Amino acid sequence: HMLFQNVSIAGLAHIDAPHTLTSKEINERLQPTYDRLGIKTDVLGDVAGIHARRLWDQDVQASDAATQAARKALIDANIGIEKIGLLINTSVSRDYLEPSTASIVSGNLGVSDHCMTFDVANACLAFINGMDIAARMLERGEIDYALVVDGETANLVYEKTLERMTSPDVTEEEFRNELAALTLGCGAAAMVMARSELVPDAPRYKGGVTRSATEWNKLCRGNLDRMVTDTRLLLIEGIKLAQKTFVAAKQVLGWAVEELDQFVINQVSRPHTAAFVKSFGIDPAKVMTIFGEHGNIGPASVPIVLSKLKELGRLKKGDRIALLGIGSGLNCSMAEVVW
C-alpha cells in the first residue's frame, strides 16, 4: 500500500570464514558410526548438497565477525562510524544473554553517544527484519544512517555435535535430527542503510510482507551446542507458508515472478532450494546458491548472497530483487530492493 520511498542501501559487505571443513572429512570421522549403525546414504553431500562449510579461527566470537563485516560495509558506503545512528545485530549466534551483541560490536567500532543499539532474533529471517526496522527509523527521520550486522559462528556446534556422535554409546533417529547441525556454516555480513537524499544513486529498499505459521515453532530448536530439526516438515510447511506470503506480496508489492530479476533466499540445502524453485516456477538462473560450499549461515545468508551478487557485477540499475526468508517459527518474509 504505502512502500518505503526514501530508504537506500548505501553499503554492503560479507566475510567468508577462513577454515574449510569438507563433508568428505566429516564423513570419514563419522564412518565407524555410519557403519556400526548401518547407514549407507551420504546425507550431507548427496541429499543436502553441502560439500563444505567454513569455520572461524578459535575464539572468534560473533561480535568479532560482525565487527569485521561492519568495517567493510562502512568502507563500501564511504562513511565514517560517526554518521551511524542505529546499529542492529541480527545473528542467531550471540556472545551473551546480556548485553546485546550489538553493544559489543558498537563499542568495538567506537559509535557515538547518539547511536541506538539492540539485537533482533528471529532465526534465518532476522536480517530482513533488521532492515525493515531500520528503514522505519530512516523514513521517520530519526537517523541518517544505520548498520545492520550479523556474525555467525558454528565452531562449538561442530565440536560437540561430532565428538558426541563418535562416542561408543551413540544411538539413532537422534542422528537424523542432529546431522542437520552439520549443515551449518560460519560467515558474516553487514549493510549500511541511509536516507535516500544522502545517497541518491544507491539501491532502494521498498519494504515487504510477513506471514506466519507459529503453530510449528517446535520444528527447529537450536542452542550453543545442539540443533535438533525436523527437516521434512519444515520444508513442506515452509513452502505452503511462502505461497501464502507470495499472495500477500502480490497485493502490497505488485509482485509476479516473471518481473523479478533475482530471488535472494536464505540458504539451507539443495532440496529446500529445488522445492522453492519448482513450486513457484522460478527460473533457476535467478536464484544464486552458496550452501554447496558454505552450508547454512542462517540469517546472514541473505545479505551474503546479495553482497556476492553485487561483487560479481550481476546486479544492474533497475533490477527488481526479491529478498526472502523461510525461518523457524515458522515465519516467511519477502521484501523488495530496486537496484
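A residue's number is simply how far along the shown sequence it sits, counting from 1.
On average the C-alpha atoms of 172-180 have higher B-factors than those of the other stretch, with 172-180 and 84-92 being the two compared.
The mean Cα B-factor in the deposited entry runs higher for 249-257 than for the other of 93-101 and 249-257. Per the deposited coordinates, the residue with the largest Cα temperature factor out of 140, 218, 206, 114 is 218. Between the residues 300, 290, 65, 43, it is 43 that shows the highest Cα B-factor in the PDB record. Ranked by Cα temperature factor within the chain, residue 18 sits in the middle third according to the deposited record. Residue 185: CA B factor lies in the middle third for its chain, per the PDB record. Ranked within its chain, residue 30 lands in the highest third, by CA B factor from the PDB record.
When the CA B factors of the chain's modelled residues are split into thirds, the value for residue 306 lands in the lowest one. Remark: residue 108 belongs to the lowest third of its chain, ranked by C-alpha B-factor as recorded.
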